[PDB]
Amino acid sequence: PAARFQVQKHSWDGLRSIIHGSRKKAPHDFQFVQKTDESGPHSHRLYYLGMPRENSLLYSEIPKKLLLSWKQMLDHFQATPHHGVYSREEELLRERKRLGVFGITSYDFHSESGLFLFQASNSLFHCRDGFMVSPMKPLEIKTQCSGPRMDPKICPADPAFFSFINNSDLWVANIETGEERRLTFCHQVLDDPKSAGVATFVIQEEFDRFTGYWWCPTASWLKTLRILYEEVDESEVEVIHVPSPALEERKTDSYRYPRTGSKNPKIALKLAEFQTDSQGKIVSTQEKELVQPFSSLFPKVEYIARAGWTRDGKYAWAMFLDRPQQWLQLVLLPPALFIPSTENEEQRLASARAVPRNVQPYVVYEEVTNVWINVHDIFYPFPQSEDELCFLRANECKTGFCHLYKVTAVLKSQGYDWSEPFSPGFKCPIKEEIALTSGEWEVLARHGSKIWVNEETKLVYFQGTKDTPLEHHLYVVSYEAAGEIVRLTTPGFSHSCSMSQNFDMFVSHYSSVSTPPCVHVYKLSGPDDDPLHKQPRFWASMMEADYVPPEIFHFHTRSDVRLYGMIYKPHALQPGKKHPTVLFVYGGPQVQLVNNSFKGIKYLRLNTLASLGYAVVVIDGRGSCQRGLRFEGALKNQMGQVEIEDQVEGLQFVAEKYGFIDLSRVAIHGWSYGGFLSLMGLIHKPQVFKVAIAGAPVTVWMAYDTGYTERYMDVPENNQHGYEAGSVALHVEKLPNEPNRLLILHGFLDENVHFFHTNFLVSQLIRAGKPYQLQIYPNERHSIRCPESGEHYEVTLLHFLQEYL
């Protein structure tokens, strides 16, 4: 009647000016340094990256006795290459981190020497920090190598040295003496498949590891410095072509992209040793391989998740995952199990006979599961004191929730003749395994989340949902006594925190649905006899700050499982009117759109929708993150099948509690996984969703990579019913016959979800005589960087809804 609300129909010029009105990084990567000056006014110096232009190295002065200043470290200077055009290698590392920020995106620091190393321009730069006041020129490190120098790290044992990858080989260089040295020789495209120190595509894109080498923290005495590093051969991995950004050139780029049920790269851990004298020259280098082949020592291993060393460098270590990603073990690798590699079988067996029968790999932990093994970063080894090994470890697999565990595993040597080859199938006795935190909440140990362990006071600081899944909070618990867990961060808000290495101060970037992010400096003051109950006291603020925030709801299901949601309400609502509804979707795992943190930056378009009078509903459904393994396990082997049920469940719930929703004019829209679910919604529930606008969708699972699909959908061989059911390209017969009910968006340069996905869906749509609309983003990969396209993307989104909803 007069009840149905009608969005003001605008001209396309009209929508451009509305959207142009819509748009009219905070401190991160923190290094705390104490001033070592009892009489001066500053107790600390915070180092970080931040903006006003580009990201850059900045510092604040923490006083002894309130906004801080952002003092610039670099004497003006530019870390962005002309026109923001990165190298091929650089731009492809910024997609795998979803990095969209120009300038210094990361750095390496050495508190002992004040050495700042960092990739900038198209080379490396460095600076030193007594304590300066005004900025300084960062000295460019001169090379004689050809291409870009990737993944720079300072040698912890000696800051005179540093490392980098160049043409997928490990190099080492001295910043003082400019001397550079290649340590590995795996390269000389497609013709060259071996690489060394490089984290391959699927390792970065789906296992969150980007470096493929690891400094030895200690030198052994000439001194000698080692580096652990993953040797890799992509010879058997399928090869695909994606269009270069240089469209004028009309050329592609080759990738090693292993589709599900395809060979992954052959992998191995190895050592690169080199010696140095008093004056500093690199006197010699040595390639070192495992005394037994990696593939036979650690069989069943498919991806190397993580690796590192003890703090003493006694042993190296590695997190190893099997193909079905249902099995995970941490292995102690002593530096002596590695020999000098050679072609002389005689020379090699004299090194193999010399490796003592006592030295051996110690499998120190193992995680089994019937769902899948999320890779958590957290594995902290305590220096061996009083034959054994004590360590903390975050274990979602034990109880189905990520929690911390202090573990001791016995290191009793079986003994082996390393000259003769053998085939096992090293599991240590666990001496004990104490639960430090438990419960139906969880510990944050993924996507850069970390702990900080003060051994002086015997406390583990961490980050968890203990209070609520809508808010990340900082927690301290003892690792001697598994007793009281003290929360230091204050409710209402979600926090991303950074602890000093002296555990005397923290920073907390925090925000809420209703208020923009702050970045506050809290000191930890109180009795030193009672450190578990240090009170956080606000010391200083580094950052304060048409938008109507949404509000979080919760509701249960016909399974009684609780789900949370957000609603943007139609701005200036007249209770009684029913409004057209846009259902904003993600629905994949490893994401949670619904949490108590300010949404206005990233989801500014959802408020713009609300400002035209659209109901924007957003619902974390079963499969979404932060809620533990059983809640995420809902997707496994049936992707696309469970997620829409909940989205319709939360949609109908929203219509009872809010009653401004017109169930007749609902629309589904998402990118990435969300696009994939926008198209499952229009197949299985077209009586519910009038239109679907699906962006960057996965239309064929068999064309997606192994590391993501197998973990959730298994191997095609074993789960065809699921691959076929969750492949929206095969169910195109069930997509609408009425035109204007489906808009397709895809970034033509997408090397993550390949434009082949839209391409093959349009092919199936044409065969089945289904209409469709299509937008291409010819200068865009999986996400849309360029502001120009963004406006266009949104102007199209508003016009498409206006005319056809």
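The term rigid core refers to the most C-alpha atoms you can superpose between the two forms while keeping them within 1.5 Å. Sequential numbering from 1, following the sequence displayed.
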| item | value |
| --- | --- |
| Between 739-747 and 37-45, larger RMS Cα displacement in 4 other deposited structures of this protein after core fit | 37-45 |
| Divergent stretch in 4 other deposited structures of this protein, 591-599 or 189-197 [C-alpha RMS, superposed by the core] | 189-197 |
| Test item: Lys25 lacks coordinates in at least a third of other entries | yes |
| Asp158 dropped in a third or more of the other entries | no |
| Extent of unmodelled deposited sequence, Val189 relative to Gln188 | 4 to 9 |
| Chain break class at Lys24/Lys25 - deposited residues not modelled | 4 to 9 |
| Of 85-93 and 209-217, the one with larger mean CA B-factor | 85-93 |
| 686-694 versus 278-286 - greater average Cα B-factor per the deposited record | 278-286 |
| Given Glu442, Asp560, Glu346, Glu645, the residue at which the Cα B factor reaches its maximum | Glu346 |
| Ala318, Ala246, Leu677, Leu524, ranked by C-alpha B-factor: the highest one | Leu524 |
| Third of the chain's Cα B-factor distribution that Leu46 belongs to, per the entry | highest |
| Ranked C-alpha temperature factor of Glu780 among modelled chain residues, by third | lowest |
| Position of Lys9 among the chain's modelled residues by C-alpha B-factor, lowest, middle or highest third | middle |
| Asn358 CA temperature factor, ranked by third within the chain | highest |
| Ranked C-alpha temperature factor of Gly100 among modelled chain residues, by third | highest |
